[PDB]
Structures are given as structure tokens and as C-alpha cells.
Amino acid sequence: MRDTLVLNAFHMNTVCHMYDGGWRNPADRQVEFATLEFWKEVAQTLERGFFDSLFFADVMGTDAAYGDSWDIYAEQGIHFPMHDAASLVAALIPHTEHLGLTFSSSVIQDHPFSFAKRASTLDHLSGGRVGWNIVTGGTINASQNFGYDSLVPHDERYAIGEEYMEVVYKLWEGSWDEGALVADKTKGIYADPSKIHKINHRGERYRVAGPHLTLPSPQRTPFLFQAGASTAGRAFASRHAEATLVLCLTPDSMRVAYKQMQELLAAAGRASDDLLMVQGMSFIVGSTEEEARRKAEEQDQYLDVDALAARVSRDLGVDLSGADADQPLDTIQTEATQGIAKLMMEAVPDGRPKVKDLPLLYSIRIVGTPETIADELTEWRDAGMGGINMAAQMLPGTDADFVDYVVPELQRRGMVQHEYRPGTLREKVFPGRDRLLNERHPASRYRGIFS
């Protein structure tokens, strides 16, 4: 029973998250990412615009394309350098009040007992505003930073994923029962040892005695995001996610992905409203259509085709070292770019996708006036979009313009909330509910088991 869209800012603790070459724009200030002040400015603007959450993506490595020099990753800041997402989230707790603060953490980078302790602590310190995006994947280099020959294969990836979630739910939901905090000074009982338990977790990958070291936090289990794109990904998302970060190319493609996710939720034994679909988007906005277009052209000069080529060439295998920007994708001869040009045909103004349209794989950009952007967003919501995952082409500019121009329009039409509701991030996203996960959710099954 949430009538408004969920607004999530999609950022990353780095100089150039989303529109490769974007740092070079004189107008942009992503070069300031290592400072707290820059991030403070962004978090406060998003709170001013009534955003439900700010999200920080993260990675644990950096990789060359196959047979390519690593050079251009350093020169263009292509997701490198990369600073810790969790630290920034924490240092942002006191610069914000109501804004959700979400981060990615991978299976590989933190043992689930460690991570469970950290997340619990940030949930306490924040007042129940933490979210967690679960990463099972990784890149060759990230494997090699934690001493591993090569990638953990696709099957095992998600199975490891599952055990990890089983371990953190046992800790967050099972280890301390309701009523464990007593804190009676006169009677001399701080916590009730009859209600606190080891978890004695034993599985293929993890052995973990417990108990969990923290007091139950306001949410216990943080707000769960997941960006599974693949088959196993979508299934995992249906099992565990409260919001899934998706990348549909069109409203019709959202309707399909929506409908499919409803099937998987039913298989999971969850309700149709238990998971929001949150679509990747970015925005350029103006009082007239001519102003918006002109802002777009200014920013698009800083779109570095070779940096984008080096990001997409990693993510699709296929070498694209010499593609021109104005070159159509179908003019390139791979199975990857033949079927991605077919997909993109309807997402581009002219019906011919180009190398300069390849950012569409990562966020869908709408250019326009507040009214136009809102009408277009109305189509996406009616296709089953529950939320916006807003990436930036400039900081603080994309976020500032969106807040200053689009948010008021969306508010006027009742598509964005006018005030923050009281409660944890989970109670903000799912209005009538409890701070703890519903009984349909896997986590809920660890409640009570060790007593």
C-alpha cells in the first residue's frame, strides 16, 4: 500500500561511476569523491528532495579487457580508484536524518560473521536506515586479491550466496530471541542468557559457532537489495530481495520482467507486493525541450567512447577497441552487438542504436522538461516500475537538477512523497509494515529456532 515511487540514488565511491569520461566535464565535481564534504553535499540534496535511499555500489578489483592494456582504466578512472562503500555510509549517518543509506558488499570480501556484525552496528547507529545490496559475483582481479586462481563458477556462485544468507539470518534473526535485552540495574541482569544462543552453523563453505555479538537492531536484517540480471540472479532476488535493481530497456520490457518476477515470488512463497522492481535511470532536465537537449549535448562531449568501450568490452568479453561513437552497433560483427542492437532499436529516438547509445545498458536516460519526464515515468510505473535507481552523469548536477525540477512535478501528480514517514527504512519503503521482515521471508524462519 505505497502509492508513490521509491527514489534510490545509484552512486558508487569513485571518480566516475556512470557515464564514462564524465569526470572531465569542468562543470562536474566527481574528482572530489575521496572527500566527505562532496558526499555530504549529495546526500543532503537527495534528502532535500525526499529520496528514500542513497546507494553505494562497490567492487573489489580492476581488470583489463582481454588482450588490452590496463592503462585506460587508470587514465579515465574507469571504476578505479575505488574506495570502501560501508565507511562512507557510516560517515554519512550524522549528515542525514531520514535518508536510507545502502551499500554493496560481496561474499568474497567479508566473512558473513564479520559482515553481520558490521551491518548490525550500522543499523543501530543509523536508527534503522541501512540497506544492503548483495554481491555474489566479482572480477578475475577481485578473486586474485583474496588468493584464488580463478572465478568461482556460476552454479556455485549462487549456492555460496545462499549459504552466506543462511549464516547472516541465523545471526541477525535466530541468535538473540525477543526479550533478550533486560538492562535492569537494580536486579543486575543486562541480557538474558536463556534467550541468547550459538548458531552452530555447519555447511559446505562456512562453519560459524556464534552467538551473534550485537543487540538486535531496529531492522535486525538490513533492507535487502539485489541486482541479479540472469536466471539464477532473478531467482535469488525473488527469494531474498525487498527491491531488485533492474535494467529494462523500455516500458514493455518492464511489463515482461514484472510479470516474470511475480511467477518467481509465488514459487518462493512470497506475496506479489513483497519485492519492488527498481529501474536504472538518469535524467537531464530543462524548462523547455530545447534547454534539456542543449544540456545533454554539453555533457555528451565528455562521453569518452574508448572508456565506455573498455567498460563494455570487459562486461561482454568482445574487444571493441576502435569503435567510433556515430557507428551503428549492427555494423559491428559479434553475437553480443547484433542482439543488443535488436534490443535497443526501440529505446533510441532514431531506430538505429549506436556505440554512443551503449550507456543504455547501464541506465536509461530521459531528457526533457519536468512534465515530459513525468509523463514518461508514468508509463514505466504503469508497466510495474516500483522505484527509480537514479544514476548521475554529473555530481552534484544530475541529482540537484532532478531534485529541483522533477521531484516537485512528481509530487504534484502524487508520484513522489511529500514528507518522510516515521520508522526504519523498511517501514518507509513498505508503509504499513513492521520493522522486521514479514513471515513469508526466508529470514523469518530463523526466528525462534535455537530456543
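Residue indices: 1-based, along the sequence shown.
- 317-325 and 116-124 differ in mean CA B-factor, and the higher of the two is recorded for 317-325.
- Relative to one another, 231-239 and 358-366 have unequal mean CA B-factors, and 358-366 is the one with the higher figure.
- Set against one another, the Cα B-factors of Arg205, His212, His111, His98 in the record reach their highest point at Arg205.
- Listed residues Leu88, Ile332, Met277, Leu181 were ranked by CA B-factor as deposited; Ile332 comes out on top.
- In the PDB entry, a CA B factor belonging to the highest third of its chain's modelled residues is recorded for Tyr148.
- Among all modelled residues in this chain, the alpha-carbon of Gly397 has a temperature factor (C-alpha) in the lowest third.
- Annotation for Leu264: C-alpha temperature factor in the middle third relative to the rest of the modelled chain, per the entry.
- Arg29 sits in the lowest third of its chain by CA B factor, as recorded in the PDB entry.
- Among all modelled residues in its chain, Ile284 ranks in the lowest third by Cα B-factor.
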